[PDB]
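S.K.: structure_15.csv is reproduced below (CSV, C-alpha atoms and all ligand atoms).
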```csv
chain,number,residue,atom,x,y,z
V,6,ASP,CA,25.4,-5.1,15.4
V,7,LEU,CA,21.7,-4.9,16.3
V,8,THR,CA,21.7,-7.6,19.0
V,9,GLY,CA,19.0,-6.6,21.5
V,10,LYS,CA,17.6,-3.9,19.2
V,11,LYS,CA,14.0,-4.1,18.1
V,12,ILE,CA,12.8,-2.1,15.0
V,13,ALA,CA,9.2,-1.0,14.4
V,14,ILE,CA,8.0,-1.4,10.8
V,15,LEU,CA,4.9,0.8,10.3
V,16,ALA,CA,2.9,-0.2,7.3
V,17,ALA,CA,-0.7,-0.4,6.1
V,18,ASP,CA,-2.4,-2.3,3.2
V,19,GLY,CA,-0.6,-1.5,-0.1
V,20,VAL,CA,3.0,-1.7,1.2
V,21,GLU,CA,5.6,-2.5,-1.5
V,22,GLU,CA,6.6,-6.1,-0.6
V,23,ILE,CA,10.4,-5.8,-1.3
V,24,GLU,CA,10.6,-2.6,0.8
V,25,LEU,CA,9.3,-4.4,3.8
V,26,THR,CA,11.1,-7.8,3.4
V,27,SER,CA,14.5,-6.7,2.2
V,28,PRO,CA,15.2,-4.1,5.0
V,29,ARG,CA,13.7,-6.5,7.6
V,30,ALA,CA,16.1,-9.2,6.3
V,31,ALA,CA,19.0,-6.7,6.7
V,32,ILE,CA,18.0,-5.9,10.3
V,33,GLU,CA,17.8,-9.6,11.3
V,34,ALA,CA,21.1,-10.2,9.5
V,35,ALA,CA,22.6,-7.5,11.7
V,36,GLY,CA,21.3,-9.4,14.7
V,37,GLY,CA,18.2,-7.3,15.4
V,38,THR,CA,14.5,-8.1,15.5
V,39,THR,CA,11.6,-6.3,13.8
V,40,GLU,CA,7.8,-6.1,14.5
V,41,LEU,CA,5.1,-5.2,12.0
V,42,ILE,CA,2.9,-2.3,13.4
V,43,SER,CA,-0.3,-1.4,11.5
V,44,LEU,CA,-3.7,0.3,11.7
V,45,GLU,CA,-5.8,-2.8,12.1
V,46,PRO,CA,-5.2,-6.3,13.5
V,47,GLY,CA,-4.7,-9.4,11.3
V,48,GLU,CA,-2.8,-9.1,8.0
V,49,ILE,CA,-1.6,-6.5,5.5
V,50,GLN,CA,-1.7,-6.8,1.7
V,51,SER,CA,1.7,-6.3,0.1
V,52,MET,CA,2.1,-5.3,-3.6
V,53,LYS,CA,4.6,-5.3,-6.4
V,54,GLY,CA,4.8,-2.2,-8.5
V,55,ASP,CA,2.1,-0.7,-6.3
V,56,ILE,CA,-0.9,-2.6,-7.9
V,57,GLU,CA,-0.1,-6.3,-8.2
V,58,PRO,CA,-1.1,-8.0,-5.0
V,59,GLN,CA,1.6,-10.3,-3.6
V,60,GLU,CA,1.8,-12.0,-0.2
V,61,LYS,CA,0.0,-11.0,3.0
V,62,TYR,CA,1.9,-10.2,6.2
V,63,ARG,CA,0.7,-10.7,9.8
V,64,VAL,CA,0.5,-7.6,11.9
V,65,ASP,CA,2.1,-7.9,15.4
V,66,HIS,CA,0.4,-4.9,16.9
V,67,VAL,CA,-2.1,-2.1,16.2
V,68,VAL,CA,-0.5,1.4,16.5
V,69,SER,CA,-2.4,2.3,19.7
V,70,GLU,CA,-1.3,-1.0,21.3
V,71,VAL,CA,2.5,0.0,21.3
V,72,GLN,CA,4.7,2.6,22.9
V,73,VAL,CA,7.8,4.4,21.6
V,74,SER,CA,10.0,2.9,24.4
V,75,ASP,CA,9.6,-0.6,23.1
V,76,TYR,CA,11.6,0.3,19.9
V,77,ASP,CA,15.2,1.3,19.0
V,78,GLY,CA,14.2,2.5,15.5
V,79,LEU,CA,11.5,2.9,12.9
V,80,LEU,CA,11.2,1.7,9.3
V,81,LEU,CA,8.7,3.3,6.9
V,82,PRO,CA,8.4,1.1,3.7
V,83,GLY,CA,6.7,2.6,0.7
V,84,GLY,CA,4.3,1.3,-2.0
V,85,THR,CA,2.0,4.2,-2.9
V,86,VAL,CA,-1.2,3.2,-1.1
V,87,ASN,CA,0.4,2.3,2.3
V,88,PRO,CA,1.8,5.7,3.5
V,89,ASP,CA,-1.3,7.4,1.9
V,90,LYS,CA,-3.5,5.3,4.3
V,91,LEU,CA,-1.1,5.8,7.3
V,92,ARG,CA,-1.0,9.6,7.1
V,93,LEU,CA,-4.8,9.7,7.7
V,94,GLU,CA,-4.6,8.0,11.1
V,95,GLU,CA,-3.8,10.1,14.1
V,96,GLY,CA,-2.3,7.3,16.2
V,97,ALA,CA,-0.1,6.3,13.3
V,98,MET,CA,1.2,9.9,12.8
V,99,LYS,CA,1.5,10.4,16.6
V,100,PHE,CA,3.8,7.3,16.8
V,101,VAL,CA,6.0,8.6,14.0
V,102,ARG,CA,6.3,12.0,15.6
V,103,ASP,CA,6.9,10.5,19.1
V,104,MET,CA,9.6,8.2,17.7
V,105,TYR,CA,11.3,11.2,16.2
V,106,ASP,CA,11.0,13.4,19.3
V,107,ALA,CA,12.4,10.6,21.4
V,108,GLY,CA,15.6,10.6,19.3
V,109,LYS,CA,15.0,7.2,17.6
V,110,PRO,CA,16.6,6.5,14.2
V,111,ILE,CA,14.1,6.6,11.3
V,112,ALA,CA,14.3,5.0,7.9
V,113,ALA,CA,11.8,5.7,5.1
V,114,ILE,CA,12.0,4.5,1.5
V,115,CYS,CA,10.3,5.5,-1.7
V,116,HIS,CA,6.7,6.6,-0.9
V,117,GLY,CA,7.5,6.0,2.9
V,118,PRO,CA,8.6,9.7,3.4
V,119,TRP,CA,5.0,10.9,3.1
V,120,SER,CA,4.6,10.2,6.8
V,121,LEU,CA,7.7,12.5,7.5
V,122,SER,CA,5.9,15.3,5.7
V,123,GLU,CA,2.5,14.8,7.5
V,124,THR,CA,4.2,14.8,10.9
V,125,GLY,CA,6.3,18.0,10.1
V,126,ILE,CA,9.6,16.0,10.3
V,127,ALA,CA,10.5,16.9,6.7
V,128,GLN,CA,10.9,20.6,7.6
V,129,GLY,CA,14.6,21.6,7.4
V,130,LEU,CA,15.5,17.9,6.8
V,131,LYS,CA,17.9,16.8,4.1
V,132,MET,CA,16.3,13.8,2.5
V,133,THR,CA,15.3,11.9,-0.7
V,134,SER,CA,12.2,9.9,-1.8
V,135,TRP,CA,10.4,8.5,-4.8
V,136,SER,CA,10.3,11.3,-7.5
V,137,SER,CA,6.5,12.0,-7.1
V,138,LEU,CA,7.0,13.2,-3.5
V,139,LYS,CA,9.4,15.9,-4.5
V,140,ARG,CA,6.7,18.6,-4.7
V,141,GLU,CA,5.1,18.0,-1.3
V,142,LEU,CA,8.4,17.5,0.4
V,143,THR,CA,9.9,20.7,-1.1
V,144,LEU,CA,6.7,22.7,-0.2
V,145,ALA,CA,7.0,21.1,3.3
V,146,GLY,CA,10.4,22.8,3.8
V,147,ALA,CA,12.7,19.8,3.0
V,148,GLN,CA,16.1,20.1,1.5
V,149,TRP,CA,15.2,17.5,-1.1
V,150,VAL,CA,17.9,15.7,-3.1
V,151,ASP,CA,17.9,12.9,-5.8
V,152,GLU,CA,20.4,10.5,-4.2
V,153,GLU,CA,20.3,6.7,-3.5
V,154,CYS,CA,20.7,7.2,0.2
V,155,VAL,CA,20.5,10.3,2.4
V,156,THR,CA,21.1,10.5,6.2
V,157,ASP,CA,20.3,13.7,8.2
V,158,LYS,CA,19.5,13.9,12.0
V,159,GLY,CA,19.3,10.1,12.2
V,160,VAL,CA,16.7,10.0,9.4
V,161,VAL,CA,17.6,7.7,6.5
V,162,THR,CA,15.8,8.0,3.2
V,163,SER,CA,16.0,6.3,-0.2
V,164,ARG,CA,14.1,6.6,-3.5
V,165,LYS,CA,13.3,3.1,-4.8
V,166,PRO,CA,13.9,-0.7,-4.5
V,167,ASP,CA,17.2,-0.4,-6.4
V,168,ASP,CA,18.5,1.8,-3.6
V,169,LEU,CA,18.0,-1.1,-1.1
V,170,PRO,CA,21.7,-2.3,-1.0
V,171,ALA,CA,22.8,1.2,0.0
V,172,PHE,CA,19.7,1.8,2.3
V,173,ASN,CA,20.1,-1.5,4.1
V,174,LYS,CA,23.7,-0.7,5.0
V,175,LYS,CA,22.8,2.8,6.1
V,176,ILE,CA,19.8,1.8,8.2
V,177,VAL,CA,21.9,-0.7,10.1
V,178,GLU,CA,24.6,1.9,10.8
V,179,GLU,CA,22.0,4.3,12.2
V,180,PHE,CA,19.9,1.8,14.2
V,181,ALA,CA,23.2,0.7,15.8
V,182,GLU,CA,24.3,4.3,16.7
V,183,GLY,CA,21.0,4.7,18.6
V,184,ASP,CA,19.6,7.8,20.3
V,185,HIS,CA,20.0,10.9,18.0
V,186,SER,CA,18.2,13.3,20.4
V,187,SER,CA,21.3,15.6,20.5
V,188,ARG,CA,21.3,15.9,16.7
V,189,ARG,CA,17.6,17.0,16.6
V,190,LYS,CA,17.6,19.8,19.3
I,6,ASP,CA,-27.2,18.4,-21.9
I,7,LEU,CA,-24.0,17.3,-23.6
I,8,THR,CA,-24.7,16.1,-27.1
I,9,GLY,CA,-21.7,16.9,-29.3
I,10,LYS,CA,-19.4,17.4,-26.3
I,11,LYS,CA,-16.3,15.1,-26.1
I,12,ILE,CA,-14.6,14.7,-22.7
I,13,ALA,CA,-11.0,13.4,-22.3
I,14,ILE,CA,-10.5,11.1,-19.4
I,15,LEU,CA,-6.8,11.0,-18.3
I,16,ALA,CA,-5.9,7.9,-16.3
I,17,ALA,CA,-3.1,5.5,-15.7
I,18,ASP,CA,-2.8,2.1,-14.0
I,19,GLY,CA,-4.1,2.2,-10.5
I,20,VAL,CA,-7.3,4.0,-11.4
I,21,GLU,CA,-10.3,3.6,-9.1
I,22,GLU,CA,-12.9,1.8,-11.2
I,23,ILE,CA,-16.2,3.5,-10.1
I,24,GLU,CA,-14.5,7.0,-10.5
I,25,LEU,CA,-13.8,6.1,-14.1
I,26,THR,CA,-17.0,4.3,-15.1
I,27,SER,CA,-19.6,6.3,-13.1
I,28,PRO,CA,-18.8,9.8,-14.4
I,29,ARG,CA,-18.3,8.3,-17.9
I,30,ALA,CA,-21.9,6.9,-17.7
I,31,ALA,CA,-23.3,10.2,-16.6
I,32,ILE,CA,-21.6,12.0,-19.5
I,33,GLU,CA,-22.9,9.4,-21.9
I,34,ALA,CA,-26.4,9.6,-20.4
I,35,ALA,CA,-26.2,13.4,-21.0
I,36,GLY,CA,-25.6,12.7,-24.7
I,37,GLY,CA,-21.9,13.3,-24.5
I,38,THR,CA,-18.9,11.1,-25.5
I,39,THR,CA,-15.6,10.3,-23.8
I,40,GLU,CA,-12.1,9.1,-24.7
I,41,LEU,CA,-9.6,7.4,-22.3
I,42,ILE,CA,-6.2,9.2,-22.5
I,43,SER,CA,-3.2,7.5,-20.9
I,44,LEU,CA,0.6,7.1,-20.7
I,45,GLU,CA,1.0,3.9,-22.8
I,46,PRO,CA,-1.2,2.1,-25.4
I,47,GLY,CA,-3.5,-0.9,-24.8
I,48,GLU,CA,-5.3,-1.1,-21.5
I,49,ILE,CA,-5.0,0.3,-18.0
I,50,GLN,CA,-5.6,-1.6,-14.7
I,51,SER,CA,-8.6,-0.4,-12.6
I,52,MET,CA,-8.7,-1.1,-8.9
I,53,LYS,CA,-11.4,-1.4,-6.2
I,54,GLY,CA,-10.4,0.3,-2.9
I,55,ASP,CA,-7.0,1.2,-4.4
I,56,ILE,CA,-5.5,-2.4,-4.1
I,57,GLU,CA,-8.0,-5.0,-5.5
I,58,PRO,CA,-7.4,-5.3,-9.2
I,59,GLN,CA,-10.7,-5.1,-11.1
I,60,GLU,CA,-11.3,-4.8,-14.9
I,61,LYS,CA,-8.9,-3.5,-17.5
I,62,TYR,CA,-10.1,-0.6,-19.7
I,63,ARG,CA,-8.9,0.1,-23.3
I,64,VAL,CA,-6.9,3.2,-23.9
I,65,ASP,CA,-8.0,5.3,-26.9
I,66,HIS,CA,-5.0,7.6,-27.2
I,67,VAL,CA,-1.5,8.1,-25.7
I,68,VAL,CA,-1.2,11.6,-24.1
I,69,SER,CA,1.6,12.6,-26.5
I,70,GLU,CA,-0.7,12.2,-29.6
I,71,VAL,CA,-3.9,14.1,-28.7
I,72,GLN,CA,-4.9,17.8,-29.0
I,73,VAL,CA,-6.6,20.1,-26.5
I,74,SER,CA,-9.0,21.5,-29.2
I,75,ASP,CA,-10.1,17.9,-29.6
I,76,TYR,CA,-12.0,18.1,-26.3
I,77,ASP,CA,-14.7,20.1,-24.5
I,78,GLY,CA,-13.6,19.1,-21.1
I,79,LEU,CA,-11.3,16.9,-18.9
I,80,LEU,CA,-12.0,14.3,-16.3
I,81,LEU,CA,-9.4,13.4,-13.7
I,82,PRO,CA,-10.5,10.2,-11.8
I,83,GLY,CA,-8.7,9.0,-8.6
I,84,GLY,CA,-7.4,5.8,-7.1
I,85,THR,CA,-4.1,6.5,-5.3
I,86,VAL,CA,-1.6,5.0,-7.7
I,87,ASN,CA,-3.0,6.6,-10.9
I,88,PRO,CA,-2.4,10.3,-10.4
I,89,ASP,CA,0.9,9.4,-8.6
I,90,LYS,CA,1.9,7.8,-11.9
I,91,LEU,CA,0.4,10.5,-14.1
I,92,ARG,CA,2.2,13.4,-12.3
I,93,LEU,CA,5.7,12.2,-13.3
I,94,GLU,CA,5.0,12.4,-17.0
I,95,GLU,CA,5.7,15.8,-18.7
I,96,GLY,CA,3.3,15.0,-21.6
I,97,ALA,CA,0.4,14.2,-19.2
I,98,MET,CA,0.9,17.3,-17.1
I,99,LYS,CA,1.4,19.6,-20.1
I,100,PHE,CA,-2.0,18.2,-21.4
I,101,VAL,CA,-3.9,19.0,-18.1
I,102,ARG,CA,-2.2,22.4,-18.1
I,103,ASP,CA,-3.2,23.3,-21.7
I,104,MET,CA,-6.8,22.2,-21.1
I,105,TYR,CA,-6.9,24.7,-18.1
I,106,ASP,CA,-5.2,27.5,-20.0
I,107,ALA,CA,-7.6,27.2,-22.9
I,108,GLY,CA,-10.6,27.5,-20.5
I,109,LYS,CA,-12.0,24.0,-20.8
I,110,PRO,CA,-14.0,22.6,-17.8
I,111,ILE,CA,-12.0,20.2,-15.6
I,112,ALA,CA,-13.3,17.7,-13.1
I,113,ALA,CA,-11.2,15.8,-10.5
I,114,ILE,CA,-12.3,13.4,-7.9
I,115,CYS,CA,-10.6,11.8,-4.8
I,116,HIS,CA,-6.8,11.4,-5.6
I,117,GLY,CA,-7.3,13.0,-9.0
I,118,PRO,CA,-6.6,16.5,-7.8
I,119,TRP,CA,-2.9,15.5,-7.5
I,120,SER,CA,-2.4,16.5,-11.1
I,121,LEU,CA,-3.9,19.9,-10.3
I,122,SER,CA,-1.2,20.4,-7.7
I,123,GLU,CA,1.7,19.3,-10.0
I,124,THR,CA,0.6,21.6,-12.7
I,125,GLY,CA,0.1,24.7,-10.5
I,126,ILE,CA,-3.7,24.9,-11.1
I,127,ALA,CA,-4.3,24.3,-7.3
I,128,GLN,CA,-2.8,27.7,-6.4
I,129,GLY,CA,-5.6,30.2,-5.5
I,130,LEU,CA,-8.2,27.5,-6.2
I,131,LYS,CA,-11.1,26.7,-3.9
I,132,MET,CA,-11.3,23.0,-4.0
I,133,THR,CA,-11.8,19.6,-2.2
I,134,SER,CA,-10.2,16.2,-2.5
I,135,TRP,CA,-9.7,12.9,-0.7
I,136,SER,CA,-8.5,13.9,2.8
I,137,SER,CA,-4.9,12.6,2.3
I,138,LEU,CA,-4.2,15.3,-0.3
I,139,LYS,CA,-5.1,18.2,2.1
I,140,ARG,CA,-1.5,18.8,3.2
I,141,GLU,CA,0.0,19.1,-0.3
I,142,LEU,CA,-3.0,21.1,-1.7
I,143,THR,CA,-2.7,23.5,1.2
I,144,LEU,CA,1.1,24.0,0.7
I,145,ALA,CA,0.5,24.5,-3.1
I,146,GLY,CA,-1.7,27.5,-2.3
I,147,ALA,CA,-5.2,26.0,-2.6
I,148,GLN,CA,-8.2,27.0,-0.5
I,149,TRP,CA,-8.9,23.5,0.7
I,150,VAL,CA,-12.3,22.6,2.2
I,151,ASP,CA,-14.0,19.4,3.3
I,152,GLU,CA,-17.1,19.3,1.1
I,153,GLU,CA,-19.1,17.0,-1.2
I,154,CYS,CA,-18.6,19.0,-4.5
I,155,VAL,CA,-16.7,22.3,-5.0
I,156,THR,CA,-16.7,24.3,-8.3
I,157,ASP,CA,-14.3,27.2,-8.8
I,158,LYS,CA,-13.0,28.7,-12.1
I,159,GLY,CA,-14.8,25.8,-13.8
I,160,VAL,CA,-12.7,23.2,-11.9
I,161,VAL,CA,-15.0,20.7,-10.2
I,162,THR,CA,-13.6,18.7,-7.3
I,163,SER,CA,-15.1,15.9,-5.1
I,164,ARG,CA,-13.7,13.7,-2.3
I,165,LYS,CA,-14.7,10.1,-2.6
I,166,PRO,CA,-17.2,7.6,-4.3
I,167,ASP,CA,-20.0,8.8,-1.9
I,168,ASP,CA,-19.8,12.1,-3.7
I,169,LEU,CA,-20.4,10.6,-7.1
I,170,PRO,CA,-24.1,11.5,-7.4
I,171,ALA,CA,-23.3,15.2,-6.8
I,172,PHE,CA,-20.1,15.2,-8.7
I,173,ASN,CA,-21.8,13.7,-11.7
I,174,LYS,CA,-24.7,16.2,-11.6
I,175,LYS,CA,-22.2,19.1,-11.4
I,176,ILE,CA,-19.8,18.0,-14.2
I,177,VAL,CA,-22.7,17.7,-16.7
I,178,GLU,CA,-23.7,21.3,-16.0
I,179,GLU,CA,-20.1,22.5,-16.1
I,180,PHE,CA,-19.2,20.5,-19.3
I,181,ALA,CA,-22.4,22.1,-20.8
I,182,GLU,CA,-21.3,25.7,-20.2
I,183,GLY,CA,-17.6,25.7,-21.2
I,184,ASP,CA,-14.8,28.3,-21.6
I,185,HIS,CA,-13.7,29.6,-18.2
I,186,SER,CA,-10.5,31.3,-19.4
I,187,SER,CA,-12.2,34.6,-18.5
I,188,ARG,CA,-12.6,33.3,-14.9
I,189,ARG,CA,-9.0,32.2,-14.8
I,190,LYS,CA,-7.4,35.5,-15.7
V,201,MG,MG,23.6,9.4,12.4
```
Rewrite the coordinates I just gave you, this time as structure tokens.
M.R.:
Amino acid sequence: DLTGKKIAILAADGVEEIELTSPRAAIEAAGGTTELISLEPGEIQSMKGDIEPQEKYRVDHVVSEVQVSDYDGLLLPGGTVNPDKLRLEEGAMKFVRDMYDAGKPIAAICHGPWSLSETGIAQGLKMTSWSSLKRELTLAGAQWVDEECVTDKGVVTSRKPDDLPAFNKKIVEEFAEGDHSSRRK
Amino acid sequence: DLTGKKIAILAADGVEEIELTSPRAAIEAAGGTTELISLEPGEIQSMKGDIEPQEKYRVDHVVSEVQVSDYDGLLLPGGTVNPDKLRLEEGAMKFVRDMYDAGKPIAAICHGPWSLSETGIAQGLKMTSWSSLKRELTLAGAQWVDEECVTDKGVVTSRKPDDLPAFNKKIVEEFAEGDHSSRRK
């Protein structure tokens, strides 16, 4: 049950459509709400298979316009271009790090984990991702595994759209359990 | 100064258009020729700014069909999705590794240097790239700097489309010289 819980979805242009819409649908189905947070105001271009433009999604706030205390969790959807744009923006990376340091549950799927590497979160973390992130994540000090869904220290990761059924269940469990500060000391 | 020199261009779907077409035109203007090498037959999808689909370009050869001795050099264009796709294919990474190990000049622009990380070439290399690759290239053991065009061990790197004029000028003088297996020992 996510009644009264609000989840931040951090995403730029290039986000994999299904990796935004399907977990968002799980969060609302569990009774929670989500808000789409981004670099610039307006809309964000979603993709299918990284390069086929699909629908556009309205951004609720720019990253500098929100605080960590407004949210009970963080979702980092993939699509190759999206996290690659996010990792270059200081306010974006500060928000991801701050979310973590405040004990808030974090879910990243597919290319999404790139933000966990940029912020240093990956270091000593058990996690998965899309196969192309294996190198950077292992170099970054991660305990990288190839599994459909991995949870460590309130951080949920998955590899791909087909992991969504298992990811959606796990993200809801973790968003519901709440503050993981004590597991991150 | 490239008459009789043939340059292999390795690119997948998601290739930044100008990073394919501009260096190719500079090679052809120099008297040289190029061939587009890829993962699958037919065409690849080029993009503008990573996410706006532009023109499709015809593939000449699949990567698991061509020989190193066939070429005098290697171009690795960027666009985010393309090297991310390229780096998961063993055939494609073995081909960029054999080109290096035989001493042939290599040029990589923007996200293109990802293949140089996957393949171990980035270790001990002075190089640049699009800014988002800084973290991985650093952890891979590269000497990463923020510069217009870097050449080391006959590997030419540049950051972005703005760097095209300098990149293009450098690659023509590097493809002209050839055989750097003495510098990579
Ligand atoms: Mg937990």
S.K.: Could you tell me which residues of chain V sit within 12 Å of chain I when counting all atoms listed in the file, and give me the result as a PyMOL selection string?
M.R.: chain V and resi 17-21+49-59+84-94+116+119-125+135-146
S.K.: Keeping only C-alpha atoms, write the selected residues to a file as an mmCIF file, in the frame of the given file.
M.R.:
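Done, and the output landed in out_16.cif:
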```cif
data_model
loop_
_atom_site.group_PDB
_atom_site.id
_atom_site.type_symbol
_atom_site.label_atom_id
_atom_site.label_comp_id
_atom_site.auth_asym_id
_atom_site.auth_seq_id
_atom_site.Cartn_x
_atom_site.Cartn_y
_atom_site.Cartn_z
ATOM 1 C CA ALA V 17 -0.700 -0.400 6.100
ATOM 2 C CA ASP V 18 -2.400 -2.300 3.200
ATOM 3 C CA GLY V 19 -0.600 -1.500 -0.100
ATOM 4 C CA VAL V 20 3.000 -1.700 1.200
ATOM 5 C CA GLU V 21 5.600 -2.500 -1.500
ATOM 6 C CA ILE V 49 -1.600 -6.500 5.500
ATOM 7 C CA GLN V 50 -1.700 -6.800 1.700
ATOM 8 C CA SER V 51 1.700 -6.300 0.100
ATOM 9 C CA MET V 52 2.100 -5.300 -3.600
ATOM 10 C CA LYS V 53 4.600 -5.300 -6.400
ATOM 11 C CA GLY V 54 4.800 -2.200 -8.500
ATOM 12 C CA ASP V 55 2.100 -0.700 -6.300
ATOM 13 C CA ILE V 56 -0.900 -2.600 -7.900
ATOM 14 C CA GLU V 57 -0.100 -6.300 -8.200
ATOM 15 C CA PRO V 58 -1.100 -8.000 -5.000
ATOM 16 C CA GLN V 59 1.600 -10.300 -3.600
ATOM 17 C CA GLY V 84 4.300 1.300 -2.000
ATOM 18 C CA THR V 85 2.000 4.200 -2.900
ATOM 19 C CA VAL V 86 -1.200 3.200 -1.100
ATOM 20 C CA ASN V 87 0.400 2.300 2.300
ATOM 21 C CA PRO V 88 1.800 5.700 3.500
ATOM 22 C CA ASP V 89 -1.300 7.400 1.900
ATOM 23 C CA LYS V 90 -3.500 5.300 4.300
ATOM 24 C CA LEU V 91 -1.100 5.800 7.300
ATOM 25 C CA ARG V 92 -1.000 9.600 7.100
ATOM 26 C CA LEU V 93 -4.800 9.700 7.700
ATOM 27 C CA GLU V 94 -4.600 8.000 11.100
ATOM 28 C CA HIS V 116 6.700 6.600 -0.900
ATOM 29 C CA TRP V 119 5.000 10.900 3.100
ATOM 30 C CA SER V 120 4.600 10.200 6.800
ATOM 31 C CA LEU V 121 7.700 12.500 7.500
ATOM 32 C CA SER V 122 5.900 15.300 5.700
ATOM 33 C CA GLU V 123 2.500 14.800 7.500
ATOM 34 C CA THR V 124 4.200 14.800 10.900
ATOM 35 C CA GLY V 125 6.300 18.000 10.100
ATOM 36 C CA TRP V 135 10.400 8.500 -4.800
ATOM 37 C CA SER V 136 10.300 11.300 -7.500
ATOM 38 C CA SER V 137 6.500 12.000 -7.100
ATOM 39 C CA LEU V 138 7.000 13.200 -3.500
ATOM 40 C CA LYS V 139 9.400 15.900 -4.500
ATOM 41 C CA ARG V 140 6.700 18.600 -4.700
ATOM 42 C CA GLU V 141 5.100 18.000 -1.300
ATOM 43 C CA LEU V 142 8.400 17.500 0.400
ATOM 44 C CA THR V 143 9.900 20.700 -1.100
ATOM 45 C CA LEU V 144 6.700 22.700 -0.200
ATOM 46 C CA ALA V 145 7.000 21.100 3.300
ATOM 47 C CA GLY V 146 10.400 22.800 3.800
#
```
S.K.: Please produce, as a tab-separated table, a per-residue contact table for chain V versus ligand MG 201 (chain V) (criterion: any atom at most 10 Å away, only C-alpha atoms and all ligand atoms considered), showing the nearest atom pair and its distance in Å to one decimal, sorted by chain then residue number.
M.R.:
```
residue	atom	partner	partner_atom	distance
V:110	CA	V:MG201	MG	7.8
V:111	CA	V:MG201	MG	10.0
V:156	CA	V:MG201	MG	6.8
V:157	CA	V:MG201	MG	6.9
V:158	CA	V:MG201	MG	6.1
V:159	CA	V:MG201	MG	4.4
V:160	CA	V:MG201	MG	7.5
V:161	CA	V:MG201	MG	8.6
V:175	CA	V:MG201	MG	9.2
V:176	CA	V:MG201	MG	9.5
V:178	CA	V:MG201	MG	7.7
V:179	CA	V:MG201	MG	5.3
V:180	CA	V:MG201	MG	8.6
V:181	CA	V:MG201	MG	9.3
V:182	CA	V:MG201	MG	6.7
V:183	CA	V:MG201	MG	8.2
V:184	CA	V:MG201	MG	9.0
V:185	CA	V:MG201	MG	6.8
V:188	CA	V:MG201	MG	8.1
```
S.K.: Please, what distance in Å, to one decimal, runs between atom CA of residue I:43 and atom CA of residue V:82?
M.R.: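 Atom CA of residue V:82 lies 27.9 Å from atom CA of residue I:43.
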S.K.: Hey, which of V:154, V:25, V:81, V:40 ends up closest to residue V:174? Count only C-alpha atoms.
M.R.: V:154
S.K.: Report, in Å with one decimal, the straight-line distance from atom CA of residue V:115 to atom CA of residue V:165.
M.R.: 4.9 Å
S.K.: Please, what distance in Å, to one decimal, runs between atom CA of residue V:15 and atom CA of residue V:96?
M.R.: 11.4 Å
S.K.: Would you kindly return, as number ranges by chain, each protein, DNA or RNA residue with an atom no farther than 8 Å from any atom of residue V:9, considering all atoms listed in the file and excluding same-chain residues fewer than 2 positions away?
M.R.: V: 7, 11, 36-38
S.K.: Out of V:153, V:22, V:33, V:95, which residue has the shortest atom-to-atom distance to residue V:8 when counting all atoms listed in the file?
M.R.: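 Under the stated criterion, the closest residue is V:33.
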S.K.: Find the residues near residue V:106: any atom within 10 Å, counting all atoms listed in the file, skip ones fewer than 2 places away on the same chain, and give them as a list in words.
M.R.: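 Skipping anything fewer than 2 positions along the chain leaves residues 73, 100, 101, 102, 103, 104, 108, 109, 126, 185, 186, 189 and 190 of chain V.
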